[PDB]
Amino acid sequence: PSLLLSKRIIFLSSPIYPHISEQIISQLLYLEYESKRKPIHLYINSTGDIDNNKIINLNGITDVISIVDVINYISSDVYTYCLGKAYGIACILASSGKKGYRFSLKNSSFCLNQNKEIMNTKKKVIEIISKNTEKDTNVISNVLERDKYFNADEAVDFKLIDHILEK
């Protein structure tokens, strides 16, 4: 709760509900104001915007776009640690941590899932994943037409994640 904040830790351990992305942003903002260039630890154990076959956030993809935008804006490096699951927008979130400081446990799981606004958002999500994984917007666009699950090792190979944690 506040004890984790005093140590610059944010734990996402639920589906990203509308109030959750608000809380992540609020906490990121607070921490940046507390100390300018001091690492922030974002622990992730989430199924993203979905929860038992139901989308629990009508604005999930745009919410995560906002979070990664503030992550890019603030001077504090945010490290990511996957503690079990990082699916959908949570996987995007995980891969958005500072390059070289995106971590995962050995057995964690990862997954990637008027009219004009829908397409602009789709281009924005592709650009982030492409930038994070160091791959062309062409090759990432193609993989997102199906659902792909990575294990921790497969996530390191794909450059979603950098290192696997050990004690």
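Quick note: we count residues from 1 along the sequence shown, nothing fancier.
Coordinates are lacking for 10 or more deposited residues between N113 and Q114. As the entry records it, the average C-alpha temperature factor is higher for 133-141, out of 66-74 and 133-141. Relative to one another, 124-132 and 25-33 have unequal mean CA B-factors, and 124-132 is the one with the higher figure. Sorting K54, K98, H41, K38 by the CA temperature factor given in the entry leaves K54 at the top. Among the modelled residues of its chain, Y17 has a C-alpha B-factor that falls in the middle third, as given in the PDB entry. In the deposited entry, the Cα temperature factor of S108 sits in the middle third of values across the chain's modelled residues.
When all modelled residues of the chain are sorted by CA temperature factor, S46 is found within the middle third.
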